[PDB]
Every structure is written in structure tokens, then in C-alpha cells.
Amino acid sequence: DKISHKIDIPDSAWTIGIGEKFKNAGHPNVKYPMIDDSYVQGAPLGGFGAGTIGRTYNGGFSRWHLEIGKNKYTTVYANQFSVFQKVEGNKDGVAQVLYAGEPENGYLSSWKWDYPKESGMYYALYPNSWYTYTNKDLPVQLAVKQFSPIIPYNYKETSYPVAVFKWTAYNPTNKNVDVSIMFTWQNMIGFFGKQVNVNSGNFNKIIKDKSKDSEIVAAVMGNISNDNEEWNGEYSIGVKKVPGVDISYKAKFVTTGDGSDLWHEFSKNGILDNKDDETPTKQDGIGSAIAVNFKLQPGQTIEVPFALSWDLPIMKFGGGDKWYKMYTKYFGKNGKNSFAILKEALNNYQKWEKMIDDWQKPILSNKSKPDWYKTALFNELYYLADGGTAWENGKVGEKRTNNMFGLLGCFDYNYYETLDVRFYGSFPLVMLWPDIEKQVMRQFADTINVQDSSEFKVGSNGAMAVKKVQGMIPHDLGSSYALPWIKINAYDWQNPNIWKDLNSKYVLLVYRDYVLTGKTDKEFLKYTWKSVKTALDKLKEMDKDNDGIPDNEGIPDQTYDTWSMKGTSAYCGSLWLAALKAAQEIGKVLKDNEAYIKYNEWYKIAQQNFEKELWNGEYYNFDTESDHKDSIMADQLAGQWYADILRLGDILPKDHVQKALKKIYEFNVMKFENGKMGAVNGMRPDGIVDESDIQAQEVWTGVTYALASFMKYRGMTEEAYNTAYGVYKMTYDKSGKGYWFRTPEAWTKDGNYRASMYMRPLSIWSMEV
Ligand SMILES: OC[C@H]1O[C@@H](O[C@H]2[C@H](O)[C@@H](O)[C@H](O)O[C@@H]2CO)[C@H](O)[C@@H](O)[C@@H]1O
Ligand SMILES: [Ca+2]
């Protein structure tokens, strides 16, 4: 490996060998169908709300999130980079697709597949990833840096459906070598959203933009139809000319054929025919190819940028609504703008790289933090782009000031902005894209007094319940299979209108979003104030025994939605205490004296009774009425965790909080698989895991990262990082279970998982407050 010296990969990048087999991989631990796309994954390309494309560590474009809210894992084999090399003096050169695999059928059989093992590495530090190619049959060593412009406090480039592939080629040998790099792409119009005639009318055109010192050659892969539909739009690939490279292209090759129409050209001398051809296809799949060819002398390095864009302006949800995607604000809505997007990227990628470096640098340069923590902190952010992210710029047929946003809880449980989860998972948005965060919270504010009296069948018990109760915060803002932002509470496993955590979490999120954006946004507090008061007042009505605290009802009426709580729970009780303290402070800020007084009175009564009911001398009991009421819950003091972040002080005595955190580390962490797998949710006082429900026997990745941040704020530095380390290890390490770029909700002691690609572990960013 002589190429690594010519590029700048951070030491904290996650790494794996190209073509590496992973032996230890986990699988779903439930009986019902659950997504398991394998460990062959990578950092995604594409902006927020753009639709994303997962290019894996083996080189294939395989995890397709272009249909917003859906996950489709299938390798489109025509989509590749390939290399040609010929040493001066040799008769023939060699050509190789840079993909560690081959197609399942006979299509593209002429191409040289099966990039060999031990010949290159993949590296990821989101939003950047890299591949190096160090192959004994390729005298010129190559590397590529690929990324999308995901930039905190930037709501423009961050939305773009674009990726840059910045290639570096170096000749360490003592002979001249001719080199070509070729990007191939299938015209994917009709890949989704088209019920019939899936390739018909697809056609490819070549664009040559020859303006002084900025020559670009691109293929635009579209359809002859000007229809404005979810399926229609354009893909573009292309390259910018640099000194010492020549560009060649082929507008049209057949992807549903043996591929030799293209490969016979590339394999001969690395130069394509430059044949334009706009003839539309009928049944056959087609694709385009863009290549560069150059001669490298001994010791010479060259850099050349390629790009990919996709202009698919309309997203459709299963309930029938069609929306424009956010990036259409910047490029237009007609779906004929892929070249414009590509051109912006090719002309500005160096600036974008620097903007990314500028945001990563403060963390990466901090030599007090271990590399592994940096690996997890950046790579967990993959989910902000890969979580079915929807970001609208108008309904089709519709202008509003704001652009609604939604991130999925996960794909298996396909609900937008699951609030009991976003309490943990929204830290990166408040910290890095706060205008999105505040918009999402205003979305929730607007739903508080919505009433929907139609009934749904509750999954857990078969009972009928009202869809949405006035004054109760919704569980979620709908499903991609139905109507995001329009039909809320798509979740039906439990009835969220009787949940004891949602209303308190809502208030805590509101106050968090004020505190972590500088305590300046009075107007955000003004917008949300009525909903905050309503939420707490409604939750107070669920106090059955007048101890000042809502009563859990002996069912799973909160985020642990198979783990029943009864009476006063540590979890919902502490959240309630903190929400009351937050509402007191908002009342002071807004000069609402009567609110301050009321919530202060409620807080003092509840705080006294919480302490008396639950403090056992060593920790806070799980609850007051369950069979295993004395279980040690990892999340028992979630309200105090948020109170630290919100700077609300002690809601419980410092001494008792410290004892409880030490107990949790001693038991839930250290007595669960030697503390190498995170914090198990429930442990019995005898040091055996609580078996009352499956969720007690799970480590929740987002709960564990949040607990680590809590420990860190409380000065338990070693404990904090050791607790988080188990989550990192399981996700990323060779000794783990292969969950990189699909961090799950949970795993059990065997390492097998529930719900890959999950929002909650974004809570790692709470460690940076
Ligand atoms: O619906 C989301 C919800 O699913 C829960 O799993 C259920 C599943 O939905 C149901 O179809 C199956 O028959 O039973 C399981 C329970 O064992 C899951 O446990 C929840 O955490 C999740 O929110
Ligand atoms: Ca009560």
C-alpha cells in the first residue's frame, strides 16, 4: 500500500478489506419477518430527503432508499467503477471491475468480475468514505474518496441528490503505465414506481460543457416522457477534465445483455467509442459509460473527479400523497435537472471537502478522545440520511414558509419521528441542524389538540381504541405506507393516547431545543407553550391515587412497549419530574406566573413522593406495583439525564443519582457479558437478568449511549466510555456482530438483534453536549 500516503484518511475511519468475509454476523431474534440485509453495507450517498444510495464495502450500489421510506437491497450490477492498465512495452493491458463479486445471471458476463481479496481496503468516516486498490496485477495504485455534502448548519447542499468520487492514481513503479477509470451506470428510470413497461422510453444523452478551464462530460439518463410522476426524472454521471487526462464515453450499452458492446472497447485500450445515441429503449435495460484515460510516469500522481446525481423530484407515499423533495428548491421541480446538480458538484467539490473537514476537525483534533469513539460518533450519523428521510418542498398540485421533515424510527416499524424514540435519537438534529429540529417540534405542537374519534384495533390485546385523543401527543407523524404529516399515530401495537412518557418527553424536547440553541429562541417557546401546558395538564389526570404522579397501568404504556409498568415508575416518574421543572422555567421565561406556580407545586409534591416510593438505599426501584418492582433498570433516571442537559439542576439528590449510576454500571453493564455489550435493560438485585419480558433482556443501543452521556456529565468518565464501548464493539469491531451502517434498536446476550437501521442510537451525540 503506497496509495494511502497520497490521500488523507483519518485514523478513526472504520475499515474493512474489500471482499472480506465476516464470520460472526448477527441475525434477527424475533419470530416474525424482519429485515436482514447482511453485513455487506457501506456509508450512504445522498442528501437529506434526496433518497439515498448505499454503496457497500465490496463496491456495489446495493442498498436503495430512493423510494422514500423504503429499503430495497439489490445490487444493480451495471453500476460500477472499472480500471484498465497497460504497462509501456507490454502487448496487452488488463481490465477489472472494482467489485468483489459477480452477477447472479448471464448479464454483463463479458466484464471482468470478482475483484480479488487482500487487494484493497474500504474506509468510512461519514459523510466520507474511501476505497484503496493495491493489487499485484495493477501497477498503478488507485484510491477514491466518495461523499455527499452533508454539512451542519447548512440546509442547501445537505439536501442535494449528489455524490462526488474524487480519484487519486499513483505510479510507484519504474515504467510508464497507461490507466483508464470508467464509471458505468444503468438508466434506472422505472427501477421503482412504474407498474408496467419499466424500461420503455428510457434514453441516454451526452452533455459536453466546454467553458474555459472547466470542461465536463456527462451522461443524462432519462425518459422521453415529460410526465410529472414519482418514477420519472433523470440520473447523471460524469467527469471534469483535468490536465493530462482525456475523456471518452459511450452513451448507450445494453444492461440486459452480455455487456461486450462496452467491454470490448474498454478492455482493449481503456478508450470508449464516443458514440452518441439517443434512441429510446423498449424492453431492454440500458446504461451509459464515462471514462478517463491518462499516462502516469514513474512517481507521478494525478487526481480526477467524477460525480453522480439523481433528479427524482417527486416522492409518493402509500396513502396517495405526492410531495416535492427539498432539493427542488435549488434546482427546480420538472425532473430534467440532473446535469445542473452534477455540474454544481464537479465545480465545487473541493470547497465541500473543506466544509466537511471544518466541521469534523474540532472532534478529530481532540487527542483526549479515543479513535473508536470518533468512529462511532461520525458513522452513526449515516442514519440522518439513510433513515427514510422525507423533506418536502410542496405538495404536488399545491406555497408555505416551512418545509416539513421526517426521519423514520426504523424501516421494520415504519413510523415518522417516533417521539418516544426521538427523545434519544434527535440529538444530532438539535446540535447540528437545529432549524430542522425546531420544525419537527412545531409539527408535534400543531397536533396536540387534534382529535380523531375513529377507532383502530390495538395489536397487543385486540381491543378497540380512539385513534387520537385531544391533548395527547402522538406517537408518530404517520407511515411512508400511508400519509406522513397528515395521518398521525400510524403505530398500533399499543394505544399511544394512554402512554405516560410521550407528553413529558415532548415538553423535555421543547425545552432542550431552547437550551441547546443558546436560550435565545423565545418565539419557539411562545409557539409551543400552549401545547406544553396542555400536555402536562392531561398527563396529571392519569394520576389515579393522588400522589402527584401519573400511574402506569400494568401494561406497556411507554417506549418499552412490551415491558409493563405499574404504579409510579422510575422511568415515567423521573421524566414527569423533569418535564414539570422544564415547564416551570418556560413559565418564568414567558412571564406566565400562574403556570410557574402550578407546575412548581406539582413538582414539589411529585418529587417528595417519587423519592419516598422508589429510593431503596442503593438505586431507584423499577416501579411500585409490578412483580419485579425491585429490578434495576438501566434507564431508571432518564428524567435526571435530560435535566442535566437542560441545566435544570438536581431533581433527585446528587448522592442517590451517583449511587444509582454506579449500581447500573456494576450490574446492568458489568454483570452482562463482562460489560462488553452495553447496558442490559433490566437486572434483578441478585445479578441475574430480569426475565419478565424480552425487552428487559435486551441492550438498547440508544439507551446505552444516552446512559454513557449521563455517566460522563456526572464525572464517571471511565464508566461512561466503557459502557459506550460495548455498543461500538458490537456494531463496528471484528469481534462484534456486523451491524455497521445498520445499528439496531437492540440485541440480546447472544448478539442477535431486533430492528436494524434504527434512530435511537443517534443518541451517541448526547455525549458531545
Ligand atoms: O408494531 C411495532 C411493535 O412491534 C412489536 O412486535 C410485535 C409485532 O408487531 C406483532 O406483529 C407480533 O405478532 O408480536 C410482536 C410482539 O412479540 C415490538 O415488540 C414492538 O417493540 C414494536 O414497537
Ligand atoms: Ca399516581
Side-chain angles (χ1 to χ4, degrees), residues 11-12 14 24 26 363-364 366-380 424 427 618-620 631-638 640-641 644-645 654 656-685 687-690 696-740 743-751 753 758 760-769:
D11 287 347
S12 64
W14 179 73
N24 206 12
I363 290 157
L364 295 180
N366 183 337
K367 304 311 298 185
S368 78
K369 294 175 173 179
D371 283 351
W372 67 262
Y373 168 76
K374 298 171 185 181
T375 307
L377 190 73
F378 289 109
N379 289 307
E380 289 310 311
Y424 302 87
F427 277 88
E618 291 174 11
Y619 58 98
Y620 292 89
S631 280
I632 306 156
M633 196 209 185
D635 223 357
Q636 63 185 256
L637 291 186
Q640 184 64 80
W641 167 54
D644 287 2
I645 299 167
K654 286 184 169 85
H656 294 184
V657 170
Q658 206 75 14
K659 279 168 177 160
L661 287 175
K662 288 184 181 306
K663 191 78 177 183
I664 293 160
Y665 181 77
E666 186 193 5
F667 279 67
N668 302 62
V669 180
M670 292 305 302
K671 297 182 194 293
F672 188 75
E673 303 297 307
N674 203 29
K676 308 297 197 178
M677 295 180 65
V680 76
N681 281 324
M683 198 164 273
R684 308 290 301 126
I688 292 91
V689 171
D690 187 350
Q697 304 168 275
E698 289 180 328
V699 174
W700 282 17
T701 58
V703 174
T704 293
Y705 281 138
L707 177 64
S709 95
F710 192 13
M711 291 172 177
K712 185 185 147 180
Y713 311 148
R714 294 279 168 154
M716 290 169 64
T717 309
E718 177 167 10
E719 293 93 329
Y721 286 87
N722 286 6
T723 297
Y725 182 76
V727 185
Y728 159 83
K729 186 182 174 298
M730 288 290 292
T731 306
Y732 296 100
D733 190 67
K734 185 172 168 69
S735 73
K737 298 300 286 181
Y739 302 145
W740 45 78
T743 316
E745 168 85 285
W747 49 70
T748 42
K749 69 188 289 190
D750 63 359
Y753 71 87
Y758 210 78
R760 214 188 300 262
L762 291 169
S763 74
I764 191 173
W765 275 78
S766 68
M767 296 184 69
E768 287 292 310
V769 167

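One-based numbering along the sequence shown. Computation of the quantities below employed the complete heavy-atom set of this structure, encompassing side-chain atoms and omitting hydrogens, waters and symmetry-equivalent molecules.
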Not counting sequence neighbours, list each pair that qualifies as a salt bridge (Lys or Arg N to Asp or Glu O under 4.0 Å) and has a residue in residues 717-732.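 Sorted result for residues 717-732: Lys662-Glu719.
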Salt bridge (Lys or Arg N to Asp or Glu O under 4.0 Å): pairs with one or both residues in residues 760-769, sequence neighbours excluded: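 Checked against salt bridge (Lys or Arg N to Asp or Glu O under 4.0 Å) - neighbours excluded - the pairs reaching residues 760-769 are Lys369-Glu768, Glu745-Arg760.
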Set of side-chain hydrogen bond (donor to acceptor under 3.5 Å, both in side chains) partners for [X], sequence neighbours left out:
X: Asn681; answer: none
X: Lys712; answer: none
X: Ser763; answer: none
X: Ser631; answer: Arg684, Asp690

Output the distance between atom [atom1] ([X]) and atom [atom2] ([Y]), rounded to the nearest 0.5 Å.
X: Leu661; Y: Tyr713; atom1: CG; atom2: OH; answer: 12.0 Å
X: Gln658; Y: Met711; atom1: CD; atom2: CE; answer: 9.5 Å
X: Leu707; Y: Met716; atom1: CG; atom2: CE; answer: 8.0 Å
X: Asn366; Y: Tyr373; atom1: CG; atom2: OH; answer: 9.0 Å
X: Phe427; Y: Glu380; atom1: CZ; atom2: CD; answer: 15.0 Å
X: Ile632; Y: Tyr619; atom1: CD1; atom2: OH; answer: 4.5 Å

Would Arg714 and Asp644 satisfy side chain to side chain contact (heavy atoms under 4.5 Å, CB included), going step by step from the backbone distance to the final call? CA-CA 9 Å; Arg714 294 279 168 154; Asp644 287 2; 2.8 Å; yes
Among residues at least two apart in sequence or on other chains, which ones pass side-chain contact (heavy atoms from CB on, under 4.5 Å) with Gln697?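 Counting only residues at least two positions away or on another chain, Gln697 forms a side-chain contact (heavy atoms from CB on, under 4.5 Å) with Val689, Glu691, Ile694.
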Once side-chain contact (heavy atoms from CB on, under 4.5 Å) is applied, do any residues pair with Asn674, and if so which ones, sequence neighbours excluded? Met670, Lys676
Heavy atoms, side chains only, cut-off 4.5 Å: are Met633 and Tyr620 in contact? no
Does [X] have any ring pair (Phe, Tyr, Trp, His ring centres under 6.0 Å) partners at least two apart in sequence or in another chain, and if so, which?
X: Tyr758; answer: none
X: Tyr728; answer: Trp372, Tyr725, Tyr732
X: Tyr753; answer: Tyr739

If you look at every heavy atom in [X] and [Y], which pair is closest and at what distance?
X: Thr743; Y: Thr731; value: OG1-CG2, 3.8 Å
X: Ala634; Y: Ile664; value: O-CD1, 3.6 Å
X: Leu637; Y: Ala660; value: CD1-CB, 4.1 Å
X: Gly678; Y: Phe672; value: O-CD2, 4.4 Å

Keeping the roles fixed (side chain from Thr723, backbone from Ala708), state whether a donor-acceptor pair exists under 3.5 Å.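 It does not hold such a pair.
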Flag, side chain of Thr375 to backbone of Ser12, donor-acceptor distance under 3.5 Å: yes
Decide whether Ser709 and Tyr705 meet the rule of one side-chain donor and one side-chain acceptor closer than 3.5 Å.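 Side-chain D/A pair, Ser709 to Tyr705: absent.
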Would you tell me whether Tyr424 and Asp635 have side-chain atoms, one donor and one acceptor, within less than 3.5 Å of each other? yes
Run the side chain to side chain contact (heavy atoms under 4.5 Å, CB included) check on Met730 and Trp747 step by step: do they pass? CA-CA 9 Å; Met730 288 290 292; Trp747 49 70; 3.4 Å; yes
May I ask you to decide if the ring planes of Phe378 and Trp765 are parallel, tilted or perpendicular, using 30° and 60° as cut-offs? perpendicular
Provide the full list of side chain to side chain donor-acceptor pair (under 3.5 Å) pairs with a residue in residues 664-673, sequence neighbours left out, each pair given once. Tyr665-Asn722
